[PDB]
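Structure first, then comments.
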Amino acid sequence: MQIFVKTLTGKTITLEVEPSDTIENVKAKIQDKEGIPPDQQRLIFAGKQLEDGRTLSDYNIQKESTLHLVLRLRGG
Amino acid sequence: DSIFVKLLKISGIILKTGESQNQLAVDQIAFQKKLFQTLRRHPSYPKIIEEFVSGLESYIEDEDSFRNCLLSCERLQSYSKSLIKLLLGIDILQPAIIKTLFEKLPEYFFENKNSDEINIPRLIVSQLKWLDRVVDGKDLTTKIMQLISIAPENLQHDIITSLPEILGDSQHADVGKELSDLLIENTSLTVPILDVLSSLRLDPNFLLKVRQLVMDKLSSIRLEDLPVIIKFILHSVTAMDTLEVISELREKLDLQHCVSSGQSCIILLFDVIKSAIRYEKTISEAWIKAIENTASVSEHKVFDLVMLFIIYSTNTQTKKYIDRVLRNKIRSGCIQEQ
Amino acid sequence: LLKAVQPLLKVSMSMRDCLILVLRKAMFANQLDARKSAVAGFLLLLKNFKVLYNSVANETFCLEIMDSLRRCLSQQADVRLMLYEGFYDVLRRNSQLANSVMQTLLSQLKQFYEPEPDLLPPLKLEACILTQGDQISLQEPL
């Protein structure tokens, strides 16, 4: 299914993931299609920071949902 | 067969077909210095660089070989920078490389995410980032600004958001002006320009001007824009303009007309405010001293409670002053249950 | 703090490659302290991170940092001056960087030295002054 990831600067990317996918799979896909390293990513959903080990099912993530990406350091 | 591929073979990088990451026989520094001194010792030294870039530009006309030339090198002794990035560190090749790199990019404005979903404009602009030397400022400045002018919206948004790591110190304030030239042109491009002007080097008078141009239109801003705006406002405050901008900020901020993305962006805004008050006492102390000066009117809002809890949590040396302000505020008939 | 920490960085490797990433991303900041913090970190890593782990994993690694230090020499006067005062200790505690370090200075000299005899001011002092918008600053303290 299709979800959205929104940066701090307002750039939105579209991610094709399933609820079986873990959060580090989303981080690796963001690294593959945007170049940001997965150690620098920090994801927020519904005012909750997404942990590394869990899945999309653990935080009730459905399709057309928007995550928020915060970088640990600036410009990567 | 070409002078380009032969000198790459001599300098210690193997140029493959186009389907996997290119090998590298020696260290990156050893390869760079060897290619430099081999171009130095060859006769017709000012003219061989034209043949070099001609061989390069004739080689990279194929999309796959050019995509391999943009990708990370395979290290035998295991990942490193790209061959374009390694050639970009050498100063004699650098301006011609920037010229040819900026030449063919409008061909790739519409063929985006072709095979394995990489953005070739994003790759070619990430070949520019974290440069150690920029040999010529002004030519690169005019080229990047005309690229921002001609590009479609999302790609030029990526060019904007990548500007602090590219540009050198000799070309900040020029791009200080010309970004503001783009700022009045579009309201859809307010926030990456605002983040860039928050992160570049600017003189405070221009920063005051653009801060007034932000602050007059604060009520016409949806919550999504509100972190990267307010960060910019808390890193444009001078030592003399503290109480004025804090009082105006605490007046104009609603946090109610905006209210799942809303709660997350609210948490991002309060993260931003914690980061602003953490390491600059001049905003924390002036925020606390700008709350007790609104003890007169009983109509102060939800913001002044959450902000007192934040500054009480974050900064430790202002704990007693926040405690005394809360006691003398609650004894005044102010902050109550409602 | 970076003097204290570095017995971690001789032991660890992930933390070392975290620090270099922090310092390289810190050189491109706008706040003034970040530039000079980055040069302090770079000079400490040049200083105590080998005499000359594997030596082949050091002689290239300092030659990485040294290329990063050719950013700082392009920056403003205080960030330069910390390098000019630090290079002597770098050479004392790390001898084999000498053939690189002197070159890093010598090219830095050549932007301001006019090597033709019988031209009477032998230095270019009109390039060591940055003038724009009636803001006059010293840069490159020759």
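Labels for the structure tokens follow display order: chains A, B, ..., residues from 1 in each chain, ligands from 1.
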**Q.** Neighbour list for region 23-33 of chain A as a PyMOL selection string, cut-off 10 Å, only C-alpha atoms, skip fewer than 5 positions in-chain
**A.** (chain A and resi 5+13-18+38-43+50-56+58) or (chain B and resi 113+116-119+122)
What residues in chain B have any atom no more than 12 Å from chain C when counting only C-alpha atoms, and can you write them as a PDB file with C-alpha atoms, in the first residue's frame?
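Final output, out.pdb:
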ATOM      1  CA  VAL B  26      44.460   2.296  -4.962  1.00  0.00           C
ATOM      2  CA  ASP B  27      43.392   4.779  -2.232  1.00  0.00           C
ATOM      3  CA  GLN B  28      41.216   7.787  -3.204  1.00  0.00           C
ATOM      4  CA  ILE B  29      43.938  10.295  -2.145  1.00  0.00           C
ATOM      5  CA  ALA B  30      46.663   8.284  -4.000  1.00  0.00           C
ATOM      6  CA  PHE B  31      44.427   8.129  -7.135  1.00  0.00           C
ATOM      7  CA  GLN B  32      43.717  11.913  -6.955  1.00  0.00           C
ATOM      8  CA  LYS B  33      47.387  12.930  -6.483  1.00  0.00           C
ATOM      9  CA  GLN B  77      41.535  -2.508  -0.161  1.00  0.00           C
ATOM     10  CA  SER B  80      33.960   5.176  -1.314  1.00  0.00           C
ATOM     11  CA  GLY B  89      38.264  17.184  -5.496  1.00  0.00           C
ATOM     12  CA  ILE B  90      40.982  18.048  -8.113  1.00  0.00           C
ATOM     13  CA  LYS B 129      27.442  18.536  -1.487  1.00  0.00           C
ATOM     14  CA  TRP B 130      30.189  18.776   1.196  1.00  0.00           C
ATOM     15  CA  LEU B 131      32.845  20.114  -1.186  1.00  0.00           C
ATOM     16  CA  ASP B 132      36.188  20.953   0.489  1.00  0.00           C
ATOM     17  CA  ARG B 133      37.111  23.732  -2.012  1.00  0.00           C
ATOM     18  CA  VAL B 134      35.043  25.796  -4.435  1.00  0.00           C
ATOM     19  CA  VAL B 135      37.590  27.182  -6.923  1.00  0.00           C
ATOM     20  CA  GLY B 137      32.304  31.156  -6.500  1.00  0.00           C
ATOM     21  CA  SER B 162      20.834  21.314  -0.389  1.00  0.00           C
ATOM     22  CA  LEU B 163      22.269  24.895  -0.654  1.00  0.00           C
ATOM     23  CA  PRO B 164      24.049  25.242   2.776  1.00  0.00           C
ATOM     24  CA  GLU B 165      26.490  22.339   2.221  1.00  0.00           C
ATOM     25  CA  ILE B 166      27.315  23.455  -1.393  1.00  0.00           C
ATOM     26  CA  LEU B 167      28.162  27.165  -1.282  1.00  0.00           C
ATOM     27  CA  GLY B 168      31.405  28.667   0.061  1.00  0.00           C
ATOM     28  CA  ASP B 169      31.756  31.655   2.391  1.00  0.00           C
ATOM     29  CA  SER B 170      32.575  34.147  -0.442  1.00  0.00           C
ATOM     30  CA  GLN B 171      29.028  33.740  -1.954  1.00  0.00           C
ATOM     31  CA  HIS B 172      26.528  33.698   0.990  1.00  0.00           C
ATOM     32  CA  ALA B 173      25.007  37.217   1.025  1.00  0.00           C
ATOM     33  CA  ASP B 174      24.656  37.343  -2.814  1.00  0.00           C
ATOM     34  CA  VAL B 196      18.179  28.017   4.138  1.00  0.00           C
ATOM     35  CA  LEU B 197      18.276  31.649   5.382  1.00  0.00           C
ATOM     36  CA  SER B 198      18.152  30.215   8.960  1.00  0.00           C
ATOM     37  CA  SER B 199      21.220  28.021   8.128  1.00  0.00           C
ATOM     38  CA  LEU B 200      23.339  30.315   5.811  1.00  0.00           C
ATOM     39  CA  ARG B 201      25.618  33.212   6.881  1.00  0.00           C
ATOM     40  CA  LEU B 202      23.854  36.576   6.718  1.00  0.00           C
ATOM     41  CA  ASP B 203      24.272  40.091   8.113  1.00  0.00           C
ATOM     42  CA  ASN B 205      20.020  43.957   8.963  1.00  0.00           C
ATOM     43  CA  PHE B 206      18.826  41.779   6.016  1.00  0.00           C
ATOM     44  CA  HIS B 235      17.767  32.410  15.455  1.00  0.00           C
ATOM     45  CA  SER B 236      17.207  35.950  14.020  1.00  0.00           C
ATOM     46  CA  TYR B 279      21.645  26.857  24.632  1.00  0.00           C
ATOM     47  CA  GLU B 280      20.648  30.590  24.451  1.00  0.00           C
TER      48      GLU B 280
END
Q. Within 8 Å of residue 50 (chain C), counting only C-alpha atoms, which residues qualify if same-chain residues fewer than 5 places away don't, as number ranges by chain?
A. C: 55, 58, 94
(Q) I need the chain B residues near chain A as an MDAnalysis selection string; criterion: at most 6 Å, counting only C-alpha atoms. (A) chainID B and resid 118 192 260 263:264
Q | Surrounding residues of residue 147 (chain B) excluding itself and chain neighbours under 3 positions, 9 Å, only C-alpha atoms, as a count of residues only | A | 10
Q: Compile the contact shell of region 9-14 of chain C as a list in words: residues with an atom at most 12 Å away, counting only C-alpha atoms, same-chain residues fewer than 4 positions apart removed.
A: residues 39 of chain A; 2, 3, 4, 5, 18, 19, 20, 21, 44, 45, 48, 49, 50, 53, 54, 57 and 58 of chain C
Would you mind exporting the chosen residues as an mmCIF file, in the first residue's frame, restricted to N, CA and C atoms?
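Wrote it out as again-v1.cif, contents follow:
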data_model
loop_
_atom_site.group_PDB
_atom_site.id
_atom_site.type_symbol
_atom_site.label_atom_id
_atom_site.label_comp_id
_atom_site.auth_asym_id
_atom_site.auth_seq_id
_atom_site.Cartn_x
_atom_site.Cartn_y
_atom_site.Cartn_z
ATOM 1 N N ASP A 39 20.804 5.848 10.088
ATOM 2 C CA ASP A 39 21.196 6.250 11.453
ATOM 3 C C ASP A 39 20.747 7.683 11.735
ATOM 4 N N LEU C 2 36.887 16.667 24.100
ATOM 5 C CA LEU C 2 37.468 15.810 23.038
ATOM 6 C C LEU C 2 38.876 15.333 23.399
ATOM 7 N N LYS C 3 39.612 16.055 24.242
ATOM 8 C CA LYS C 3 40.860 15.509 24.813
ATOM 9 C C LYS C 3 40.513 14.273 25.638
ATOM 10 N N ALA C 4 39.480 14.385 26.509
ATOM 11 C CA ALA C 4 39.071 13.322 27.461
ATOM 12 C C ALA C 4 38.622 12.056 26.731
ATOM 13 N N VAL C 5 37.696 12.233 25.792
ATOM 14 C CA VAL C 5 36.967 11.154 25.075
ATOM 15 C C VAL C 5 37.908 10.180 24.361
ATOM 16 N N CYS C 18 31.508 8.308 13.765
ATOM 17 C CA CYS C 18 30.421 9.232 14.179
ATOM 18 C C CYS C 18 30.998 10.626 14.391
ATOM 19 N N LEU C 19 32.119 10.708 15.099
ATOM 20 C CA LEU C 19 32.737 12.012 15.401
ATOM 21 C C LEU C 19 33.145 12.695 14.103
ATOM 22 N N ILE C 20 33.814 12.007 13.202
ATOM 23 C CA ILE C 20 34.327 12.698 11.998
ATOM 24 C C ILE C 20 33.125 13.238 11.234
ATOM 25 N N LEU C 21 32.029 12.477 11.199
ATOM 26 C CA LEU C 21 30.798 12.893 10.493
ATOM 27 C C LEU C 21 30.239 14.141 11.166
ATOM 28 N N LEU C 44 42.810 17.643 16.964
ATOM 29 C CA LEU C 44 43.057 16.606 17.991
ATOM 30 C C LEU C 44 43.145 15.235 17.368
ATOM 31 N N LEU C 45 42.295 14.954 16.390
ATOM 32 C CA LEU C 45 42.320 13.646 15.678
ATOM 33 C C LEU C 45 43.603 13.508 14.857
ATOM 34 N N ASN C 48 46.659 12.884 17.793
ATOM 35 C CA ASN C 48 46.919 11.742 18.709
ATOM 36 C C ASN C 48 46.522 10.398 18.110
ATOM 37 N N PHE C 49 46.316 10.329 16.801
ATOM 38 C CA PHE C 49 45.725 9.138 16.147
ATOM 39 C C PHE C 49 46.638 8.600 15.041
ATOM 40 N N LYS C 50 47.940 8.761 15.252
ATOM 41 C CA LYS C 50 48.980 7.702 15.225
ATOM 42 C C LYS C 50 50.329 8.398 15.250
ATOM 43 N N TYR C 53 46.138 0.087 16.112
ATOM 44 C CA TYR C 53 45.523 -0.333 14.825
ATOM 45 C C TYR C 53 46.587 -0.327 13.716
ATOM 46 N N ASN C 54 46.205 -0.785 12.519
ATOM 47 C CA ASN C 54 47.087 -0.813 11.333
ATOM 48 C C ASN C 54 47.492 0.623 10.968
ATOM 49 N N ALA C 57 45.845 2.014 7.912
ATOM 50 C CA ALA C 57 44.516 2.547 8.283
ATOM 51 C C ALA C 57 44.618 3.882 9.025
ATOM 52 N N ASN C 58 45.790 4.523 9.062
ATOM 53 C CA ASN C 58 45.974 5.860 9.692
ATOM 54 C C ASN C 58 46.521 6.879 8.694
#
Q: Could you give me, as JSON, numbers by chain, the residues within 8 Å of residue 334 (chain B), counting only C-alpha atoms and dropping anything in the same chain fewer than 3 positions from it?
A: {"B": [295, 298, 329, 330, 331]}
Atoms to include: N, CA and C atoms. Write the selected residues as a compact mmCIF listing (two decimals), in the first residue's frame.
# COMPACT_ATOMS: atom_id res chain seq x y z
N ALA B 295 0.80 40.03 33.35
CA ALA B 295 0.04 39.65 34.56
C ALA B 295 -1.20 40.54 34.73
N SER B 298 -6.09 39.27 32.53
CA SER B 298 -6.35 37.86 32.93
C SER B 298 -6.49 36.94 31.72
N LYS B 329 2.18 34.72 40.43
CA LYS B 329 1.15 34.76 39.37
C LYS B 329 -0.13 34.11 39.88
N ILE B 330 -0.02 33.02 40.61
CA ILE B 330 -1.22 32.33 41.15
C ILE B 330 -1.85 33.12 42.32
N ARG B 331 -1.04 33.85 43.08
CA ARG B 331 -1.55 34.71 44.17
C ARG B 331 -2.20 35.97 43.59
